[PDB]
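K.L.:
What follows is the file coords_16.pdb, containing PDB, C-alpha atoms:
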```pdb
ATOM      1  CA  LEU A 495       6.431 -33.886  81.510  1.00  0.00           C
ATOM      2  CA  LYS A 496       9.831 -34.828  80.052  1.00  0.00           C
ATOM      3  CA  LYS A 497      10.301 -38.585  80.366  1.00  0.00           C
ATOM      4  CA  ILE A 498      12.313 -39.983  83.267  1.00  0.00           C
ATOM      5  CA  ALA A 499      13.508 -43.575  83.091  1.00  0.00           C
ATOM      6  CA  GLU A 500      13.836 -44.514  86.754  1.00  0.00           C
ATOM      7  CA  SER A 501      13.899 -48.183  87.765  1.00  0.00           C
ATOM      8  CA  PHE A 502      13.999 -47.197  91.456  1.00  0.00           C
ATOM      9  CA  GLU A 503      16.409 -49.924  92.574  1.00  0.00           C
ATOM     10  CA  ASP A 504      18.917 -48.238  94.898  1.00  0.00           C
ATOM     11  CA  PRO A 505      17.634 -45.997  97.723  1.00  0.00           C
ATOM     12  CA  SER A 506      19.313 -43.001  96.067  1.00  0.00           C
ATOM     13  CA  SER A 507      16.665 -43.237  93.342  1.00  0.00           C
ATOM     14  CA  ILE A 508      14.729 -41.158  95.874  1.00  0.00           C
ATOM     15  CA  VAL A 509      16.700 -38.280  94.338  1.00  0.00           C
ATOM     16  CA  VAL A 510      14.161 -38.289  91.498  1.00  0.00           C
ATOM     17  CA  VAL A 511      11.214 -38.399  93.916  1.00  0.00           C
ATOM     18  CA  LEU A 512      12.799 -35.514  95.746  1.00  0.00           C
ATOM     19  CA  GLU A 513      12.852 -33.615  92.469  1.00  0.00           C
ATOM     20  CA  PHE A 514       9.115 -34.006  92.150  1.00  0.00           C
ATOM     21  CA  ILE A 515       8.511 -32.715  95.661  1.00  0.00           C
ATOM     22  CA  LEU A 516      10.515 -29.603  94.841  1.00  0.00           C
ATOM     23  CA  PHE A 517       8.498 -29.170  91.709  1.00  0.00           C
ATOM     24  CA  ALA A 518       5.259 -29.159  93.671  1.00  0.00           C
ATOM     25  CA  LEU A 519       6.736 -26.442  95.854  1.00  0.00           C
ATOM     26  CA  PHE A 520       8.660 -24.091  93.554  1.00  0.00           C
ATOM     27  CA  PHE A 521       6.117 -24.328  90.739  1.00  0.00           C
ATOM     28  CA  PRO A 522       2.848 -25.673  92.128  1.00  0.00           C
ATOM     29  CA  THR A 523       0.859 -24.652  89.043  1.00  0.00           C
ATOM     30  CA  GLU A 524       3.077 -26.112  86.325  1.00  0.00           C
ATOM     31  CA  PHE A 525       3.294 -29.178  88.494  1.00  0.00           C
ATOM     32  CA  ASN A 526      -0.485 -29.310  88.530  1.00  0.00           C
ATOM     33  CA  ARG A 527      -0.407 -29.187  84.751  1.00  0.00           C
ATOM     34  CA  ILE A 528       1.918 -32.185  84.591  1.00  0.00           C
ATOM     35  CA  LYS A 529       0.778 -34.134  87.627  1.00  0.00           C
ATOM     36  CA  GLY A 530      -0.309 -37.494  86.259  1.00  0.00           C
ATOM     37  CA  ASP A 531       2.505 -37.784  83.760  1.00  0.00           C
ATOM     38  CA  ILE A 532       4.563 -37.487  86.949  1.00  0.00           C
ATOM     39  CA  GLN A 533       2.284 -39.991  88.718  1.00  0.00           C
ATOM     40  CA  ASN A 534       3.314 -42.463  86.019  1.00  0.00           C
ATOM     41  CA  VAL A 535       6.799 -42.289  87.561  1.00  0.00           C
ATOM     42  CA  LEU A 536       5.471 -42.288  91.104  1.00  0.00           C
ATOM     43  CA  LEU A 537       3.552 -45.544  90.696  1.00  0.00           C
ATOM     44  CA  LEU A 538       6.746 -47.187  89.490  1.00  0.00           C
ATOM     45  CA  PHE A 539       8.541 -45.954  92.598  1.00  0.00           C
ATOM     46  CA  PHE A 540       5.604 -46.939  94.797  1.00  0.00           C
ATOM     47  CA  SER A 541       5.131 -50.335  93.211  1.00  0.00           C
ATOM     48  CA  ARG A 542       8.794 -51.120  93.677  1.00  0.00           C
ATOM     49  CA  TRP A 543       9.190 -49.762  97.223  1.00  0.00           C
ATOM     50  CA  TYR A 544       5.778 -50.302  98.807  1.00  0.00           C
TER      51      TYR A 544
ATOM     52  CA  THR B 643      -2.057 -53.064  83.224  1.00  0.00           C
ATOM     53  CA  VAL B 644       0.338 -50.449  84.613  1.00  0.00           C
ATOM     54  CA  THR B 645       2.357 -53.409  85.887  1.00  0.00           C
ATOM     55  CA  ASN B 646       3.226 -56.784  84.342  1.00  0.00           C
ATOM     56  CA  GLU B 647       1.770 -59.573  86.518  1.00  0.00           C
ATOM     57  CA  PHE B 648       4.743 -61.766  85.588  1.00  0.00           C
ATOM     58  CA  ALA B 649       7.381 -59.242  86.753  1.00  0.00           C
ATOM     59  CA  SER B 650       5.339 -58.674  89.892  1.00  0.00           C
ATOM     60  CA  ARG B 651       5.330 -62.371  90.711  1.00  0.00           C
ATOM     61  CA  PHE B 652       9.062 -62.652  90.039  1.00  0.00           C
ATOM     62  CA  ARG B 653       9.617 -59.737  92.370  1.00  0.00           C
ATOM     63  CA  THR B 654       7.692 -61.477  95.158  1.00  0.00           C
ATOM     64  CA  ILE B 655       9.773 -64.561  94.364  1.00  0.00           C
ATOM     65  CA  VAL B 656      12.912 -62.485  94.950  1.00  0.00           C
ATOM     66  CA  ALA B 657      11.291 -61.090  98.079  1.00  0.00           C
ATOM     67  CA  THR B 658      11.055 -64.591  99.489  1.00  0.00           C
ATOM     68  CA  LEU B 659      14.464 -65.626  98.157  1.00  0.00           C
ATOM     69  CA  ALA B 660      16.132 -62.487  99.456  1.00  0.00           C
ATOM     70  CA  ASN B 661      14.755 -62.999 102.959  1.00  0.00           C
ATOM     71  CA  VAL B 662      15.989 -66.605 102.753  1.00  0.00           C
ATOM     72  CA  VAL B 663      19.500 -65.441 101.828  1.00  0.00           C
ATOM     73  CA  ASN B 664      19.459 -62.795 104.582  1.00  0.00           C
ATOM     74  CA  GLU B 665      18.446 -65.448 107.107  1.00  0.00           C
ATOM     75  CA  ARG B 666      21.274 -67.637 105.799  1.00  0.00           C
ATOM     76  CA  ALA B 667      23.724 -64.738 105.944  1.00  0.00           C
ATOM     77  CA  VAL B 668      23.007 -63.665 109.532  1.00  0.00           C
ATOM     78  CA  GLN B 669      23.087 -67.287 110.698  1.00  0.00           C
ATOM     79  CA  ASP B 670      26.481 -67.619 109.022  1.00  0.00           C
ATOM     80  CA  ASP B 671      28.015 -64.463 110.555  1.00  0.00           C
ATOM     81  CA  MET B 672      28.567 -62.695 107.200  1.00  0.00           C
ATOM     82  CA  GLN B 673      29.849 -59.114 106.825  1.00  0.00           C
ATOM     83  CA  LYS B 674      27.212 -56.479 106.105  1.00  0.00           C
ATOM     84  CA  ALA B 675      28.926 -55.363 102.894  1.00  0.00           C
ATOM     85  CA  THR B 676      28.794 -58.742 101.143  1.00  0.00           C
ATOM     86  CA  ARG B 677      25.151 -58.866 102.222  1.00  0.00           C
ATOM     87  CA  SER B 678      24.561 -55.479 100.637  1.00  0.00           C
ATOM     88  CA  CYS B 679      26.160 -56.910  97.516  1.00  0.00           C
ATOM     89  CA  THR B 680      23.975 -60.008  97.194  1.00  0.00           C
ATOM     90  CA  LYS B 681      20.944 -57.876  98.034  1.00  0.00           C
ATOM     91  CA  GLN B 682      21.861 -55.343  95.323  1.00  0.00           C
ATOM     92  CA  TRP B 683      22.450 -58.070  92.761  1.00  0.00           C
ATOM     93  CA  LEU B 684      19.005 -59.397  93.637  1.00  0.00           C
ATOM     94  CA  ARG B 685      17.357 -56.007  93.107  1.00  0.00           C
ATOM     95  CA  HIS B 686      19.291 -55.789  89.862  1.00  0.00           C
ATOM     96  CA  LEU B 687      17.802 -59.012  88.585  1.00  0.00           C
ATOM     97  CA  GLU B 688      14.394 -57.785  89.730  1.00  0.00           C
ATOM     98  CA  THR B 689      14.618 -54.759  87.445  1.00  0.00           C
ATOM     99  CA  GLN B 690      16.100 -56.742  84.546  1.00  0.00           C
ATOM    100  CA  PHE B 691      13.097 -59.025  84.799  1.00  0.00           C
ATOM    101  CA  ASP B 692      10.870 -55.965  84.949  1.00  0.00           C
TER     102      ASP B 692
END
```
Show how you would write the structure in this file as structure tokens.

P.N.:
Amino acid sequence: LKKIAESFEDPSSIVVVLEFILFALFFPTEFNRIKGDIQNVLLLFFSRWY
Amino acid sequence: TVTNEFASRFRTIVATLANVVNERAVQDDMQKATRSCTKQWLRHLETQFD
């Protein structure tokens, strides 16, 4: 996965999370191949928000 | 670790401090926008510390 520097401060950072959801819909397989490298972004978002 | 324990603790510090400043703001009849501004500056410091 191409690197994404997201601090996840403002609520609108959810734009990037939204991107990932679309990726698991439009290309479920390629997403499966880069899930994990994506989870590295998701645990930043999740640490910060929850 | 995936997450610095130091940045985590500072973030909980700003959790407490931010709720203290929100308490102080609502008690002192402050406009919601200036509140959004102090809250945003606080998140900003949280990421800079991160």

K.L.:
Just say which residues the ChimeraX specification (/B :<8) & /A picks in this file, as a list in words.

P.N.:
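Applied to this file, the ChimeraX specification (/B :<8) & /A selects residues 501, 503 and 504 of chain A.
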
K.L.:
I need the residue set behind the PyMOL selection byres ((chain B and resi 678-680) around 12) for this file; please write it as a PyMOL selection string.

P.N.:
(chain A and resi 504) or (chain B and resi 656+659-664+666-667+672-677+681-687)

K.L.:
From the options A:499, A:543, A:537, A:526, which residue's atoms come nearest to residue 643 in chain B, counting only C-alpha atoms?

P.N.:
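Using only C-alpha atoms, the shortest distance to residue 643 in chain B belongs to A:537.
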
K.L.:
Which residues match the PyMOL selection byres ((chain A and resi 506-515) around 12) in the file above, as an MDAnalysis selection string?

P.N.:
chainID A and resid 495 497:505 516:522 524:526 528:540 542:543

K.L.:
Could you please determine the separation between CA of residue 523 in chain A and CA of residue 544 in chain A in Å, to one decimal place?

P.N.:
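Between CA of residue 523 in chain A and CA of residue 544 in chain A the gap works out to 27.9 Å.
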
K.L.:
Enclose the full set of atoms of range 495-506 of chain A listed in the file within a box whose edges lie along x, y and z, apply 5 Å of padding to each of the six sides, and report centre and edge lengths in Å to one decimal as JSON.

P.N.:
```
{"center_x": 12.9, "center_y": -41.9, "center_z": 88.9, "size_x": 22.9, "size_y": 26.0, "size_z": 27.7}
```
